[PDB]
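>>> Show me how the following folds:
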Amino acid sequence: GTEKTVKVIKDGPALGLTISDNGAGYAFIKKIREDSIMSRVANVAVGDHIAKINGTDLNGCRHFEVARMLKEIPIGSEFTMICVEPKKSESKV
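Numbering: from 1, shown residues only. Shown next is the protein structure:
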C-alpha cells in the first residue's frame, strides 16, 4: 500500500480519530471526526493503517496500544505518523 508521512501539531487533547483493529496486523483509522485536527490533515484518510508514530514500529499492535501512544503526545507538540493506505479500486481516465 501507499505509505504516507503525516506531520501534525497536536494543539488540543483530541485528534479526532476512531482507531480499531481486527486482531492482527496494524491498527487502522475507522473514523475521522469532521472539524478535527485529523480532518484538516491533507494526507490521512479513513481506512489508513497506522504503521509508525514518532519512529516506533506499530506492526502487530492493537488499537488500544496505538491509542495510548497518541494520547501520550503532549498537547502543543508536533508528531509524525507513517500511514499506509489499503489497495482499493480506482479508475484512470
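>>> Let me know whether residue 21 touches residue 28 as I believe.
Yes - with contacts counted by CB atoms under 8 Å, residue 21 reaches residue 28, the gap being 6.7 Å. (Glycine included, C-beta is placed from N, CA and C.)
>>> you'd agree residue 79 is up against residue 8?
Yes - with the criterion set as CB under 8 Å, residue 79 and residue 8 qualify as a contacting pair; they are 5.9 Å apart.
>>> mind listing what residue 37 touches?
The neighbours of residue 37, taking CB atoms under 8 Å, 6 or more residues apart in numbering as the test, are 8-12, 14-16.
>>> Go through those and name the one nearest residue 91.
Checking the contacts of residue 37 against residue 91 by CB to CB gives residue 16 as the nearest, at 29.3 Å.
>>> Skipping adjacent residues, who's closest to residue 33 in space?
Taking CB to CB, 6 or more residues apart in numbering as the measure, residue 33 lies nearest to residue 16, with 3.8 Å between them; neighbours along the chain are not counted.
>>> burial of residue 27, as a residue count?
The burial metric for residue 27, expressed as a neighbour count using other CB atoms under 10 Å, is 24.
>>> Contact partners for it?
19-21, 49-50, 58, 61-63, 65-67.
>>> What strand or helix carries residue 83?
strand 77-84 (DSSP states H and E).
>>> Now do the buried residues in that strand.
Judged by neighbour count (16 or more other CB atoms under 10 Å), strand 77-84 contains these buried residues: 79, 81-84.
>>> And those, which two are furthest apart?
Farthest apart among the buried residues of strand 77-84 by CB to CB are 79 and 84. That separation is 17.0 Å.
>>> For the spatially most central residue of the chain, name its beta-bridge partners.
Central residue check for the chain by CA atoms, centre = their mean: the C-alpha nearest the mean position is that of residue 50, 4.7 Å away. With DSSP bridges as the criterion, residue 50 is bridged to residue 83.
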